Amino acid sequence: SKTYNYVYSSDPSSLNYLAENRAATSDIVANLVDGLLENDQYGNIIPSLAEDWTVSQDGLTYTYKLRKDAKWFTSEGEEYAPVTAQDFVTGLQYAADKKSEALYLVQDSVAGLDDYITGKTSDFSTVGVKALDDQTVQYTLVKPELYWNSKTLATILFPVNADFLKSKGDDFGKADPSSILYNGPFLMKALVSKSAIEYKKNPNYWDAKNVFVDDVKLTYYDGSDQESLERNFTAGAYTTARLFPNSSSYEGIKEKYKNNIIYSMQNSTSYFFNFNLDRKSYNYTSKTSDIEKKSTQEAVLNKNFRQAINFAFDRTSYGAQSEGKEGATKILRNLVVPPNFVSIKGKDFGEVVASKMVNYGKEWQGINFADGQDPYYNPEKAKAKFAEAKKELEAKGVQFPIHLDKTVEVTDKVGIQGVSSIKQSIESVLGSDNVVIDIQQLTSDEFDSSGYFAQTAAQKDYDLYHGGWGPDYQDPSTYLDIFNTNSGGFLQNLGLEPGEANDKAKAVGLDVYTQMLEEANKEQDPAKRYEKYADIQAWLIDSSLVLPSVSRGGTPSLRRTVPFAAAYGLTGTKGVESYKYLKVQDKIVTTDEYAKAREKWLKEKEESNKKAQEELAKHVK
């Protein structure tokens, strides 16, 4: 048998793929539960549980034919029941009943669903998902969505068996392998907190022929032993290893692996800093008085202040802390929407956003949003913005310096160097009599409960947050909706709760942002629609409510995985997340071999995508 061995860092809060919007859950369930469609190696959307599908000529009705040989299994591998179309009716109703955190993906798209979720109706037979027979699911939409099929790669549209769901009650989806059923490539054999995630190939999976590893073992990695990755790889214990050029170890490693260091491409997951606009929890702070806390509360609502932070934040120095001097810029991402995520009459989205920035102020003149460079850092612009902020804020009684708390895990040595760099650059440019970045080193429980796994905005315990978004479907709105005041998935990280915008949301203009989103969403012509979302992204950059930082990818590794064997997806959770298709080999891949494989994949991908787009028309009813 063959085995993939590496590491993981995020324990899931649950396995509830219908209720969670955290990647800590979907990164796991991607390997355990299939939906209607999935990805091939080229980012095409291809059959999964659905062997075929059609869309009506008006674009409102999608019908899917489920393959007859797909079954549910228990975590121990026993057969439970065949997958049926009713499981998709059950899944959507459960997501609605449980108020899933990812409901924005469907609540405004599926006919009747918003009425059902909000209690206007009580009858799920009025909602636009139907099992026409055991093999046929039909969805009915409120308006056409060319990106609807890409949404089926997100877990809120995955199926669940109603008898299992009822049998399990509130035990369904807990962090225990027996809490869900399995119809995907793997069964979950071990899920041990701060220790291990282990998968075993399901030999009875409908597509077992495309699963080339029999075992996947992930060891918990808390960040305190970055050298262990290469150490275990060289000892034959890991299949891959991320390299850390800053380390004292790197000298000899690059000697030993001169011809094996491989750099990945930057991908569509985007990270950014944001501010806590309505902080309620001060368990982790270096502020000693209520006047300091109210001063920071006022500062983060001031646009000039946020812009000053933005221009003072040296992205190159930050990237260098994990990538080294040479590679510091390889991970930089300057928009939330990746610059080539869509195009508008051949022009990349990011070049359209760039063309719209000077309109928002002359401080943006010449800005370039391409990946892999820092267009923000500018000490003279930062100091000028801060001087205007300070006059506005001082008149409100605000006291300086403004203290900003940033958390980091105490074991996360590389992360600690990263946040140290942000402290150094901001304070160097603006002056530590004006701004102080207070780093709070937290235990795992402290770090989880104050940030990523906090369950309410009031529990967020920081002034500055560094999080990110992985796209759920193929449209700029997957990213840009996350700050909307009605239902934005990233509102709680800004200290705001979805619902009516409060005075702090209105102070920073997120109500206007939300109205812009609603108007852009009405556009169905892709070029016009994307241009409206480009305006929205430009507004957001100018607001400096996010400070774009880095992407995933762009990092050095050693590898015994086969290049470009795994699925790839621009959006959704059935590409790199899945260990289906992935292959392992005996030879450590060389840089030259990887580059030859990459150029081959890049060329095949364009050809493959063009044929996939031609195939689309055959599916129109």
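Sequential numbering from 1, following the sequence displayed.
Participant: Test of understanding: from the entry's C-alpha B-factors, which stretch has the higher mean, 253-261 or 76-84?
Facilitator: That would be 253-261.
Participant: Which has higher Cα B-factors on average according to the PDB entry: 434-442 or 231-239?
Facilitator: Averaged over C-alpha atoms, the B-factors run higher in 231-239.
Participant: So if I compare the CA B-factors in the entry for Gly59, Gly575, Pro47, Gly35, which one is the largest?
Facilitator: In this record, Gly59 carries the highest C-alpha B-factor of the candidates.
Participant: Which one of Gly495, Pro476, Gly324, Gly489 shows the top CA temperature factor in the record?
Facilitator: Result of the comparison over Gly495, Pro476, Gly324, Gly489: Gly324.
Participant: Among the modelled residues of its chain, does the C-alpha B-factor of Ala70 lie in the lowest, middle or highest third?
Facilitator: Top third by C-alpha B-factor.
Participant: How does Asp503 rank on Cα B-factor within its chain, lowest, middle or highest third?
Facilitator: For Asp503, whose C-alpha B-factor we compare with every modelled residue in the chain, the answer is the highest third.
Participant: Test of reading the entry: by CA B factor among the chain's modelled residues, which third contains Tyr568?
Facilitator: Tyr568: CA B-factor falls in the lowest third of its chain.
Participant: Considering only modelled residues of the same chain, in which third does the CA B-factor of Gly372 rank: lowest, middle or highest?
Facilitator: For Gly372, the deposited C-alpha B-factor lands in the middle third.
Participant: What third of its chain, lowest, middle or highest, does the C-alpha temperature factor of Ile117 fall into?
Facilitator: CA B-factor rank for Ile117: middle third.
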